[PDB]
Amino acid sequence: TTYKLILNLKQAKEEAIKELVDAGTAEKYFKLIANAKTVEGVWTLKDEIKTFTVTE
């Protein structure tokens with residue numbers, strides 16, 4: 001996006017936020033991932049939000 005290419009964890013912070021809002025989750029996740037310095041930590045944690053192992 002934009003002229004230059006921006007790099008930031010934010011992209012991942014939204015990744016979880018989007019998945020979290022779409023399904024019953026725990027805000028603590030988007031806050032935990034957004035705190036991660038590496039995106040791989042946010043995109044992975046967010047993946048857990050999409051599966052959540054079991055449903056309730």
# chains A, B, ... in the order shown; residues from 1 in each chain; ligands from 1
$ residues_around --residues "residue 9 (chain A)" --least-positions-apart "2" --cutoff "10 Å" --atoms "only C-alpha atoms" --output "list in words"
residues 7, 11, 12, 13, 14, 15, 33, 34, 35, 36, 37, 38, 39, 40, 41, 42 and 43 of chain A
$ select_by_dssp --residues "chain A" --states "alpha helix (DSSP H)" --output "ChimeraX atom specification"
/A:10-22,28-35,39-51
$ residues_around --residues "residue 50 (chain A)" --least-positions-apart "4" --cutoff "12 Å" --atoms "only C-alpha atoms" --output "VMD selection string"
chain A and resid 15 to 26 29 43 to 46 54 to 55
$ atom_distance --atom1 "CA of residue 56 (chain A)" --atom2 "CA of residue 30 (chain A)"
19.9 Å
